[PDB]
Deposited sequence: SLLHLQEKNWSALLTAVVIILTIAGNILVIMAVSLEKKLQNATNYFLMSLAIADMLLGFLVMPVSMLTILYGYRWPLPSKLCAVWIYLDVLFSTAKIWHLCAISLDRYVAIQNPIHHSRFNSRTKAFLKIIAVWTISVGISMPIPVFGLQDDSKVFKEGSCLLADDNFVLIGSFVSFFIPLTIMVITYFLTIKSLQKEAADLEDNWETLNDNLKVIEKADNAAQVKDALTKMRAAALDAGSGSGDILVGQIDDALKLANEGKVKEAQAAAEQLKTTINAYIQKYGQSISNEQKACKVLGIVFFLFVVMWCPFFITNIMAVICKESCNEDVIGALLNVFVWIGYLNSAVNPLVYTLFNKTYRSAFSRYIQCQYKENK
């Protein structure tokens, strides 16, 4: 007789319906057809699967006093499905943070799908010892008739390899991606004060030497952010030919072209930083919500005999559901911090599917 199962039934439904909306939005909405959102759909499938396969069986054990209700050889399957989905969710978030950083340092839907299949095939290979060595020995998967990973070596290896190692790569790549966009917003501010300064130099000039010098330093700055460079080179031969006046009215024609490319590359820097902040919330919530479970998991092993393992087991039964609540909160962030997901989720609820 448990009041917990009611509270846990809400978490299964918000998981399933929330993440169905995300899979529907990336499949259907043409504004969301980029590589990041393809990883977020794949993550949503894992969340939905966690709420279909893992979370209802977890609710069932609460209803049988943590005694394993199902057939014994279904224990290792439930432990494999949960760890498979949990390994995929962290290695996806690592693969997003990694893939976005490379993109800043670099200039397809198949390009993304190949990365996603790689992450899933890695997460199948990692989780493989759980049934291979646990369907053979129930000792590794049972503890006083309770289905939990009981093998301490699998817990330790599994905690770092499945959770801590990709977390570290993710928290490094997120920092370096923020530092990359602060450099690119900074480098674009610098070239503005090169271009804006030499447009003021050209309209003060008496002689062809001052315009040719200032057009030369405008072209150099033009090279860091093609139309502008050619337009500048066009005004240079005017200044080389000594046509100062002709050069001076040529360079205020550049001024309408400079604003057009400065505010385009500078809107798109601001869009990435807005997007980086939204993924950061997604990253922050996965670490914080799963941290109590994974730390307790380790202290259960470290103070094996020293600590009250009845209480430490009772803390895990709470903390595993804080992390299950994380499945429900990817799609709420998407509502609150993206107009494209919110508009999509609005139409899907009112049952309009046309874009």
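Trainee: Quickly check which stretches of the deposited sequence aren't in the model, judged by C-alpha, and list them in order.
Mentor: Those stretches are 1-7, 115-121, 240-244, 375-376, listed in order.
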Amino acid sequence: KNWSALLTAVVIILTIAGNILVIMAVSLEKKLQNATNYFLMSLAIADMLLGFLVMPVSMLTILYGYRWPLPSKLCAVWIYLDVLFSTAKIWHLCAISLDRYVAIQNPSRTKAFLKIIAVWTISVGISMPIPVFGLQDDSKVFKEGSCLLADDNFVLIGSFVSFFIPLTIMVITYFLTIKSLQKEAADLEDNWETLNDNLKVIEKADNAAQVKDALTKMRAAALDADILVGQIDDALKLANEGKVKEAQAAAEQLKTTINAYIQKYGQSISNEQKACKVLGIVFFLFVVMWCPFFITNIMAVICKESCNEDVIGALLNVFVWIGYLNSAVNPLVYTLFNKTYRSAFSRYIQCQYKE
From here on, numbers count along this sequence of modelled residues.
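Trainee: If you take the mean CA temperature factor per stretch, which one wins between 255-263 and 108-116?
Mentor: The stretch with the larger average C-alpha B-factor is 255-263.
Trainee: Report the stretch with the higher mean CA temperature factor, choosing between 49-57 and 307-315 on the basis of the entry.
Mentor: The deposited B-factors put 307-315 ahead on the C-alpha mean.
Trainee: Out of 73, 89, 143, 243, which one has a C-alpha B factor higher than all the others in the entry?
Mentor: When the deposited C-alpha B-factors of 73, 89, 143, 243 are compared, 243 is largest.
Trainee: With respect to the C-alpha temperature factors reported in the PDB entry, which of 247, 172, 185, 279 ranks highest?
Mentor: Out of 247, 172, 185, 279, the record gives the largest C-alpha B-factor to 247.
Trainee: Sorting the chain's modelled residues by C-alpha B-factor, tell me whether residue 338 ends up in the lowest, middle or highest third.
Mentor: Middle third.
Trainee: Could you say whether, by C-alpha temperature factor, residue 301 belongs to the lowest, middle or highest third of its chain?
Mentor: It falls in the middle third of the chain.
Trainee: Taking the chain's C-alpha temperature factors as the reference, tell me which third residue 213 falls into: lowest, middle or highest.
Mentor: Highest third of the chain for residue 213's C-alpha B-factor.
Trainee: Report the third (lowest, middle or highest) to which the CA temperature factor of residue 69 belongs, ranking only the modelled residues of the same chain.
Mentor: Its C-alpha B-factor belongs to the highest third of this chain's values.
Trainee: Lowest, middle or highest third: where is residue 162 by Cα B-factor in its chain?
Mentor: Highest third of the chain for residue 162's C-alpha B-factor.
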